[PDB]
Amino acid sequence: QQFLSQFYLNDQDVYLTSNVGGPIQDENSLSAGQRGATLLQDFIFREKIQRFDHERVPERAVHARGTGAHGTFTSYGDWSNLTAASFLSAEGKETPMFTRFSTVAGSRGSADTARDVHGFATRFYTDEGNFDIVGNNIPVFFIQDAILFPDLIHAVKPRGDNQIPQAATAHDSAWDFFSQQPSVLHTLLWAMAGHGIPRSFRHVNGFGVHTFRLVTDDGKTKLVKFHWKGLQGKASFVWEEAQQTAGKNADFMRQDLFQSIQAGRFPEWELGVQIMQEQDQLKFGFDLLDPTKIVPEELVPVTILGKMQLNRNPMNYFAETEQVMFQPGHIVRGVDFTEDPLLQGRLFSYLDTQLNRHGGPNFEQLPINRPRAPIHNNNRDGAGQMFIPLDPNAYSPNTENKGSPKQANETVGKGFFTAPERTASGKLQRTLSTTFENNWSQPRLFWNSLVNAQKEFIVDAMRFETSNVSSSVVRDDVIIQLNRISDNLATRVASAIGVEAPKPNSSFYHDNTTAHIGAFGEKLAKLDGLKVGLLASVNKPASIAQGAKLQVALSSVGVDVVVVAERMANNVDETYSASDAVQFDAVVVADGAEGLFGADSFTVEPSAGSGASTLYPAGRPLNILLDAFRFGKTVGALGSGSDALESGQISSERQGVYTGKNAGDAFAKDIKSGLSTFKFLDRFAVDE
Amino acid sequence: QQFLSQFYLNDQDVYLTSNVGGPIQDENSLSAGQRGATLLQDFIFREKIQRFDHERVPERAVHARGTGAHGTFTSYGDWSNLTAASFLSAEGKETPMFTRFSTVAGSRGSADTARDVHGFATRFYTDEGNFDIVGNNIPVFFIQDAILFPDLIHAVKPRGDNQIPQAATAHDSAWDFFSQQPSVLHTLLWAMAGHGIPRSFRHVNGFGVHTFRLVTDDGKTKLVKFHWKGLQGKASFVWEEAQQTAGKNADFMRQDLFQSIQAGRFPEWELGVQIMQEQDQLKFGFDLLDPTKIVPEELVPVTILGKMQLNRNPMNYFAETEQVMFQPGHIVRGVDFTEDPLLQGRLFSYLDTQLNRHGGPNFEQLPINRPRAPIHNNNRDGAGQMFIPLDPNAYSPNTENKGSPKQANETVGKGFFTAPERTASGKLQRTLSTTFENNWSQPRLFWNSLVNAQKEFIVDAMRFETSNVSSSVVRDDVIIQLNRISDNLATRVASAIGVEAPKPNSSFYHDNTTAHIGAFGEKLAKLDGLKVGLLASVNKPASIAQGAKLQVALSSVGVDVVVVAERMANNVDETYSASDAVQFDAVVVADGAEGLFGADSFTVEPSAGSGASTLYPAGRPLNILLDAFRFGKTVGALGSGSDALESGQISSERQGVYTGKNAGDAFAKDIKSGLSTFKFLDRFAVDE
Amino acid sequence: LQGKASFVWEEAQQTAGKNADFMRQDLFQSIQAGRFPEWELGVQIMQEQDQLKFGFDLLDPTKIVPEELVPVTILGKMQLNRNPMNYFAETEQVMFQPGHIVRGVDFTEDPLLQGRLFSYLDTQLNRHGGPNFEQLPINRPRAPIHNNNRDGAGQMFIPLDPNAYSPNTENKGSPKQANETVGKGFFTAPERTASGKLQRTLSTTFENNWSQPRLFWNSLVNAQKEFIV
Ligand code: HDD
Ligand code: HDD
Ligand SMILES: *[C@@H]1O[C@H](CO)[C@@H](O)[C@H](O)[C@H]1NC(C)=O
Ligand SMILES: *[C@@H]1O[C@H](CO)[C@@H](O)[C@H](O)[C@H]1NC(C)=O
Ligand SMILES: *[C@@H]1O[C@H](CO)[C@@H](O)[C@H](O)[C@H]1NC(C)=O
Ligand SMILES: *[C@@H]1O[C@H](CO)[C@@H](O)[C@H](O)[C@H]1NC(C)=O
Ligand SMILES: *[C@@H]1O[C@H](CO)[C@@H](O)[C@H](O)[C@H]1NC(C)=O
Ligand SMILES: *[C@@H]1O[C@H](CO)[C@@H](O)[C@H](O)[C@H]1NC(C)=O
Ligand SMILES: [Ca+2]
Ligand SMILES: [Ca+2]
Ligand SMILES: [Ca+2]
Ligand SMILES: [Ca+2]
Ligand SMILES: [Ca+2]
Ligand SMILES: [Ca+2]
Ligand SMILES: [Ca+2]
């Protein structure tokens, strides 16, 4: 914060000024008399409204919806035998970071919990330049050449005529593109699985996707995949739950991150690489240059390099988060590119697109984009030039400035250098590499590797999405492509959408698996920032008191207890009116609250003598309980609170339903076990 | 579609070209060899990606989320004794229009069904220039001077540090502003009523808000308020239903408008004016220049001038809807401004802000912004100059171009002119007019005029919103202000939010009313575009066949029947998985579908012998039925389908619950009655 | 076709003081008077195998090919015959690019040409302030435009196809791909090849900076040698 603080404007206990330091008032326009017309000479009015009129900048062309935080990276070692990268040169070396997380398709103001691929962009402000890894929460991408990006994005984004639907692939054009371009199938399966709808940005992993090169000072190279291994654990929603969240809290994930950092529950990821040789490019049975392929961890383990912690929220969202401009071209000595055609073309786009966002060429001068290293070059001028270059002779080679700035290369001045043994060979061509042609084996690998419930979630997602596809041609084409992955997958989807069950095509069928690839099936490592909703009643103060008692039992694992009641009273956090199942990771009915959960509460006539509350909609408490159960959450009841379970026809013998006499350690232990499991998969039907 | 068709690009059965007409292919980057790096000389790659990189423009600073349609205005008379405006000069005279509807606060991907004021912007492409009325669905606005706009908007928009919450006033800053600036109270009550959450853009009225002047050729004036009286009827949601819609269909209102127009169900509004004299400005006990005040129709009736019909969807949303640039400064001869300080400052803002959106001065040259009248002036150059001016002598007065273009004024060339008797008098000042100081009497008028259920909806909205306000100071200030409107209102809100009930402050209390001002209490005029969801089962084909039978009986009133079943089969429109109560204005259980509605369906363990379906989430059918009932919708059941009502504990004795033996005329009659009532308000509890 | 004519320095200076617009005036007036200036387009035609055999590199833009070695073959004639109606709209806004290339022409590996291709597409964003500069009247083609490019500030067209992607079935596979064999598409010369290490180097073939300057010097009349001096 030492660096960014020089740009801070503090407006505590001060008089209002114009942008040029003249004290002003800004509450009334200058008029000709009491009820007269506004005067043109009112410069106070015009400066204020002009700033307002011009507040907005274009949203990012993709990843418009996102949030950011500051953090710090610590290297676990001296990695100089692997890479010349300065930030990895010493055990314990620390580097400031900024990270932005995002969805892909939706505009500004679209819901956090849309089903989508998610961005995971991390900047290291190194002493040898800014280094950005611009990644995703899924290790593979839809397409194999950057030139196809506008096609993919035009297909996924809303229709050109009416701009429907927002932040959704559940329309004809998306599935038309997916079925015409089978390279998309691997990423599609990841997005239709739990990875498309994570619980929070703290509960995902990150991936660089592309194979990169690491390069030593003497020019030796390794090929690597970058991994950000999350230390909280993977947690994901089911679709109906993600939808309800979009309606109740569009800001769910950004709120989760902000609040976690404010509470000192700093999320962490370890940076890892799968280290491979130049000679490994084809020998695994797929091309390392193909961004639709993973390298299974069974073939190449992840070597951990260091740890990122996110530990500070922005002071001003627009200045920091909205204006941060990442680029894969922000590369440092010790890293180099590969010939992955998706990566290759990305390099062009991120430099060009900042001209759109910033409106001029000097976007690297924005505080959030500036390096924490000296800038010395002969670049000059441009709109919004915030520096004053002292050298009036901005050219090389020069004698007029005694030959400075001096050229830096492999051997002098620690210059960037392209890996010296990289070579080109062959005819100039516009072709799809013959090595890129297997679009189906890895999707099948992913499919095989999932627990039954997550296979069902993929099926259910595809049934939902393709039932919204009007074109019979598209529906049929989708089933043909899915069938090349798995005849089981294809048949299960086909049955919902009026397409005839296809015959097996066994070309790519196999039974191989890779470990723990799904979003479901593992317990959480940390419970930090999960929320238990305690459903209480102001009419029974003892029910409210159970909140504090449960909180004390759960405070050591970083879980918050939220007390919900009919109205704000002492020790009540939220009202039933303002509450929903989707706000909580677990729901517990307090002792004495059971009267609010009558089985007839949904439909009873709210007549005068009926006693029904106006403080919340009919059936709200029971709705929260039943939604929590149906969505697969931990459900509990204390004392006579268990009568509410009876009202909702929820049997306590079911997994992830817990009862206890009072909020003691025994009950808290059960709740922690439930929260660790996170979602109880036995509440979801699976195809027979 | 004569005029705009000159700008159409038709891409049917053609070869791909660059932007300069060279045929190209665009599916593979040019590489050095099969697996080589991408070449800089690939201009095809770069032109394609550059267009993509620059697709986005800044969203509108307010009303970013909106939708548009083309239409036509027809004058009902020769209004030349009232105004010189050409578009009103003859009975039957027709004028093309473009109209955009919007919310205010949310960014461009935010949900249609957020609670907000709504925009209602209408352009007339008249034969004497573009004339825009840039209005709202509410006749009063929050603030009394345009200089306060950035304050209001910064307060209602998301927090500066974290950009939370999206498209919502349910946070501290918004209520801080409302309570510090009591002028906001009138609009606040409208927005907290049904008018904040309308069913569609077809079911709202429009208002110009400000007093304007109409001016005849000889300089005589009247003061007017503009009205757009909707011919469909007012229909609005309840809050819990609006939230659910935001999660299921962010595009609900834009989809409704698009589909209605495609179906030939063209929505209509009548343009009306309240006609007043210059001498009436202060006569009614408030100032006509005060945009927080209505003129009750009991005092001045609405004179109907003509009719707008929306009858054509855009061909390309971005080109037409996103790029349309409305301005109150688009005024024509026969109309003039008033000294309303809100209107006065607006004029500056709309000219200035288009420079942000368009990136340059020539925004009036965009096809959607072009006039349908001649352009002849000495304006020149600017980025994006799409014309070639033949006159090289662009100044007045001139002899070099023989004195052309010639000045047009009141008496020659039909020039615009300011109303000739307008005067200024008094000291230049930055003050609040003493005539603007009553912030409370009219909110009380509005409050008095609502049906009991809508009073409750306001209370429930304020309870919801202010329970999300953390500051005790803000919560208390809110109650103090509400108490000056009505002690009943203030007391009912205070009880939910932990504020002591205030004692009456009767300064502005009164019992006056104005008729039909609420969103609730009147039957719909037309049922066009309303939807009946028929819940059927593929296992009982006769259930599905009831759809066609019900449809034939409802066709004549423009109501669609949507057949919902477990899977896509013949005559099935959508699946249970893809369905929700919020999609339908009425829900009917078909004869033979009753087996899907088991009372234990929410919580039953999906064992093999339970025979639970994987085709939809647990309890989906019953959930649709129960939600429909709780939200106040028409519910129905045919034959044995009535068993489903019993499972859901819905008594057929309740209003808006209809049973029928079969899908005949007798049943359609009941459904028509239910749909015209639209919402059954006896299902909502009211404070005693 | 008019012939070469040049000033002496002291004369060029005096002209700058008396008429800053001398050359633009000359052109405008000549066209107005119907004295249309003309140039013949010619090419020196060489083989792929000729790249190094003349004693310098054809990829080196600091070298001429003397007409004694390769004659100029005349292809056609340009005549300039109409002044703009509005200087700003036409002349100021015209945005040239070497990347405006057509089927039948291709690039070479001249590193000056190679990098130019980037600059002229990028720099129009500065001048026009947005991506739709090819829509200015002076920049529009006299051929149909059909593609899936969309939006951008200053979008002057209304694309009717709401499905702007390839491959598609929703628009029946149109616009269709054009290449060497179908639809008269642009194509890169098919026998061009790449070989060698990726590198940031000055080609060893580019190293003679002095022989051709001497050729030029030798070839001038005495007075023009003096003018250089
Ligand atoms: C050639 C087009 C192209 C392609 C093929 C990709 N991207 Fe990209 N991406 C852009 C073009 C782009 C962009 C248009 O340049 C954006 C929009 C805003 C920006 O700064 O860059 C961007 C933004 C963007 C962001 C948001 C950065 C932020 O938070 O501000 C992320 C996380 C990614 N991309 C990630 C990826 C991944 C992991 C890719 C495949 C492995 C990928 N993109 C392929
Ligand atoms: C001085 C600032 C200011 C104030 C006091 C107002 N507006 Fe405004 N409004 C703008 C400044 C603005 C703007 C920033 O200029 C916008 C954003 C985009 C644009 O074209 O104008 C705009 C947009 C905008 C739109 C959207 C037009 C469209 O669909 O593109 C509507 C419907 C309104 N306004 C309506 C109103 C009403 C009914 C007002 C009060 C009676 C009002 N505004 C006061
Ligand atoms: C690098 O490799 C050398 C030789 O294998 C080894 O002795 C040295 O310890 C390594 N350096 C580090 C920092 O690991
Ligand atoms: C780097 O620059 C130095 C000094 O100018 C030069 O001698 C050397 O050849 C360069 N090194 C490499 C590896 O290109
Ligand atoms: C698994 O993968 C290996 C290596 O590619 C392959 O040889 C083997 O046949 C596969 N086995 C199965 C179970 O299909
Ligand atoms: C306008 O009023 C004049 C004078 O009273 C009269 O000629 C006529 O009735 C009116 N004309 C129109 C346009 O109705
Ligand atoms: C309008 O212009 C005409 C022609 O110059 C002039 O005679 C007349 O007085 C002008 N002013 C008004 C107010 O009509
Ligand atoms: C051009 O496209 C056609 C039709 O798609 C294809 O068959 C052919 O291989 C392509 N021609 C060349 C020379 O690449
Ligand atoms: Ca290729
Ligand atoms: Ca629900
Ligand atoms: Ca249990
Ligand atoms: Ca004033
Ligand atoms: Ca009834
Ligand atoms: Ca600009
Ligand atoms: Ca070189």
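Naming: A, B, ... by sequence-line order, numbering from 1 per chain.
- Interface residue B/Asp600: backbone and side-chain heavy atoms are both found under 4.5 Å from chain A.
- Aromatic rings from A/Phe629 and B/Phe602 are positioned such that their centres are separated by 6.0 Å or more.
- Neither the backbone nor the side chain of B/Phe337 comes within contact range of chain A, judged by heavy atoms closer than 4.5 Å.
- Between the side chain of B/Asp161 and the main chain of A/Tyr317, no donor-acceptor pair closer than 3.5 Å is present.
- Between chain B and the residues A/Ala424, A/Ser607, A/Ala618, the most heavy-atom pairs under 4.5 angstrom are made by A/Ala618.
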Go through the steps for B/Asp151 and A/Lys48 under the test salt bridge (charged side-chain N to carboxylate O under 4.0 Å, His left out), then give the verdict.
CA-CA 10 Å; B/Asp151 300 292; A/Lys48 186 175 173 178; 2.6 Å; yes

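- Taking the side chain as every heavy atom from C-beta outward, B/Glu605 and A/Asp682 approach each other to under 4.5 Å.
- Considering every non-hydrogen atom in both A/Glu688 and B/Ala608, the closest pair reads OE2-CB, 3.4 Å.
- With a threshold of 4.5 angstrom between heavy atoms, B/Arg46 approaches chain A through its backbone and through its side chain.
- Of the two parts of B/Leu432, the backbone and the side chain both hold a non-hydrogen atom closer than 4.5 Å to a non-hydrogen atom of chain A.
- With sequence neighbours excluded, the residues forming a side-chain hydrogen bond (donor to acceptor under 3.5 Å, both in side chains) with A/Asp627 are A/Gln244, A/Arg630, listed by chain and number.
- When heavy atoms are compared at a cutoff of 4.5 Å, A/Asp352 approaches chain B by way of both its backbone and its side chain.
- For B/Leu347, no part lies near chain A; criterion is any non-hydrogen pair under 4.5 Å.
- Side chains of A/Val57 and B/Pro58 form no contact here, defined as non-hydrogen atoms less than 4.5 Å apart.
- Summarising the geometry of A/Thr38 relative to B/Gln344, their closest heavy-atom pair is N-OE1, 2.9 Å, with the distance given to 0.1 Å.
- At least one donor-acceptor pair under 3.5 Å links the side chain of A/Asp145 to the backbone N or O of B/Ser29.
- For B/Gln25, the part sitting under 4.5 Å from any heavy atom of chain A is the side chain, from C-beta outward, and nothing else.
- B/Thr431 and A/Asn28 share no side-chain donor-acceptor pair at under 3.5 Å.
- For a residue to count as touching a neighbouring chain, one of its non-hydrogen atoms must lie under 4.5 Å from one of that chain's; by this rule B/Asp580 does not touch chain A.
- Counting only heavy atoms from C-beta outward, the side chains of B/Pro150 and A/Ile49 approach each other to under 4.5 Å.
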Residues A/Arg108, B/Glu59; criterion salt bridge (charged side-chain N to carboxylate O under 4.0 Å, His left out); working and verdict
CA-CA 9 Å; A/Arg108 294 185 65 230; B/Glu59 72 181 21; 3.3 Å; yes

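- Chain A forms the most heavy-atom pairs under 4.5 Å with one residue out of B/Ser425, B/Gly247, B/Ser110, and that residue is B/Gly247.
- Both the backbone and the side chain of A/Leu428 have a heavy atom closer than 4.5 Å to some heavy atom of chain B.
- Looking at A/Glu456, only its side chain comes within 4.5 Å of chain B, counting heavy atoms on both sides.
- Residues A/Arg463 and B/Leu615 are in side-chain contact: their nearest non-hydrogen atoms beyond the backbone lie under 4.5 Å apart.
- The parts of B/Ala146 that come within reach of chain A are both its backbone and its side chain, each placing non-hydrogen atoms under 4.5 angstrom from that chain.
- When all heavy atoms are compared, the tightest approach of A/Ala685 to B/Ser613 is CB-O, 3.8 Å.
- Of the listed residues (A/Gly498, A/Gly160, A/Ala114, A/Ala246), the one with the most heavy-atom contacts under 4.5 Å to chain B is A/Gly160.
- Taking A/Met568, A/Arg65, A/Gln429 one by one and counting their heavy-atom pairs under 4.5 Å with chain B, the maximum is reached by A/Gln429.
- In this structure, chain B has heavy atoms under 4.5 Å from both the backbone and the side chain of A/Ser433.
- Two residues are said to be in side-chain contact when any heavy atoms from C-beta on lie closer than 4.5 Å; A/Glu27 and B/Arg430 fail this criterion.
- Closest heavy-atom contact between A/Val686 and B/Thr614: C-CG2, 3.3 Å.
- Only the side chain of A/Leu282 comes within less than 4.5 Å of a heavy atom of chain B; its backbone N, CA, C and O stay farther away.
- Side-chain contact between A/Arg56 and B/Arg60: absent, with no pair of heavy atoms (C-beta onward) separated by less than 4.5 Å.
- Contacts between A/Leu257 and chain B at a heavy-atom distance below 4.5 Å are absent for every atom of the residue.
- Looking at B/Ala496, both its backbone and its side chain come within 4.5 Å of chain A, counting heavy atoms on both sides.
- Between chain B and the options A/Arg51, A/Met315, A/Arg492, the largest number of non-hydrogen pairs under 4.5 Å is found for A/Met315.
- A distance of 8.0 Å separates CG of B/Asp251 from CD of A/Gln163, quoted to the nearest 0.5 Å.
- Counting heavy atoms from C-beta outward, A/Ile147 and B/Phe45 have side chains that approach closer than 4.5 Å.
- For the atom pair CD1 of A/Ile153 and CD of B/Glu55, the computed distance is 9.5 Å after rounding to the nearest 0.5 Å.
- Neither the backbone nor the side chain of B/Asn570 comes within less than 4.5 Å of any heavy atom of chain A.
- Between the side chain of B/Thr353 and the main chain of A/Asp53, a donor-acceptor pair closer than 3.5 Å is present.
- Ring pair B/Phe52/A/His154 is tilted by interplanar angle, where 30° to 60° counts as tilted.
- At a 4.5 Å heavy-atom cutoff, the contact between A/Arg654 and chain B is made by side-chain atoms alone.
- There is a side-chain donor-acceptor pair under 3.5 Å between A/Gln34 and B/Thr434.
- A donor-acceptor pair is defined here as one N or O able to donate and one able to accept, closer than 3.5 Å; such a pair exists between the side chain of B/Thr603 and the backbone of A/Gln649.
- Heavy atoms of A/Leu39 lying under 4.5 Å from chain B belong exclusively to its side chain.
- Neither the backbone nor the side chain of A/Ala569 comes within contact range of chain B; no heavy atoms are under 4.5 Å apart.
- Heavy-atom distances place no part of A/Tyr616 under 4.5 Å from chain B, backbone and side chain included.
- Contact annotation for B/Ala167: neither backbone nor side-chain heavy atoms come within less than 4.5 Å of a heavy atom of chain A.
- Between B/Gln166 and A/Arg254, the side chains place no donor N or O within less than 3.5 Å of an acceptor N or O (distance only, hydrogens not considered).
- In this structure, CD1 on A/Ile164 lies 7.0 Å from OG1 on B/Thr67, to the nearest 0.5 angstrom.
- Heavy-atom distances place no part of B/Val499 under 4.5 Å from chain A, backbone and side chain included.
- For chain A, no part of B/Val238 is nearby; none of its heavy atoms comes within less than 4.5 Å.
- If you measure heavy-atom distances from B/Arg683 to chain A, the contacts under 4.5 Å come from the backbone alone.
- Here the closest non-hydrogen pair linking B/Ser467 and A/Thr575 is OG-OG1, 3.7 Å.
- Closest approach of B/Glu339 and A/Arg35 over heavy atoms only: CB-O, 3.3 Å.
- By number of non-hydrogen pairs under 4.5 angstrom with chain A, the leading residue of B/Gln243, B/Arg357, B/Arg567 is B/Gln243.
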